[PDB]
Structure formats: structure tokens, C-alpha cells
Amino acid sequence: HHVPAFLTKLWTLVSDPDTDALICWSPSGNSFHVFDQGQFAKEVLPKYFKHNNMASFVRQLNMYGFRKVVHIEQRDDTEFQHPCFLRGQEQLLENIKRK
């Protein structure tokens, strides 16, 4: 099936080293971080996910079955992941499904 532009855009954005101050791969490449959501919403969303806020962006991640990664024991930092959303493996996006 055709890979949703949402996922391709998201993957390219994460993978761009120049955006890493706001969104980047984890060291393992298995997850990605979103930093400083106040800034992320002003700088990033308007250009790559037009007419979105953080809530609608995160709703889309949930729709594609992304999970959140948190520390077991307790800038803002939120970590998301999908087993087919991986550093340097864009072709795996094909295996991501709605719901």
C-alpha cells in the first residue's frame, strides 16, 4: 500500500540531523525524542504538519500505533516508538498500519 505522507514526513524530519535539537533518534535508533513542545509546535508543525497542534499530532501517532517510552524510575522530553519506525530503515514504514 501507499505509505502515508504523515509517516514519510515524520521519518525524514526525525532523520534530519539539523532538527535534532527538537526531534531526533534515540542512540539505538529504535525510538525518537520530541523536545520543547512549546517550541516544536511553533517551529516544526506549521511547516511539516500544517494546521496541527501537539494534540492532533500526537493523535496521529496514536492512530498508527506508536507507543510512548518512559523511565521505570522517575527542556521537556517525550519519547515515542514504533517497531517499524527505525533509523536508516525507511522502507519499514510500509509495515505501519492504521489502528
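The numbering used is simple: start at 1 and walk along the sequence shown. Definition used throughout: the rigid core is the maximal C-alpha set that superposes within 1.5 Å between two forms.
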Fill in: Outlying stretch relative to shown form, 50-58 versus 36-44 in 6 other deposited structures of this protein, C-alpha RMS (core)
50-58
Practice prompt. Indicate yes or no: is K9 absent from the model in at least a third of the other PDB entries of this protein that were compared?
Written response: no
Item to complete: State whether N30, though modelled here, is left unmodelled in a third or more of the other entries compared.
Response: no
Worksheet, complete the sentence: Missing residues of the deposited chain between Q74 and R75 number 4 to 9
Worksheet item: Should the higher mean CA B-factor in the entry be assigned to 13-21 or to 85-93?
Response: 13-21
Worksheet entry | Stretch with the greater mean C-alpha B-factor as recorded in the entry, comparing 37-45 against 62-70 | 37-45
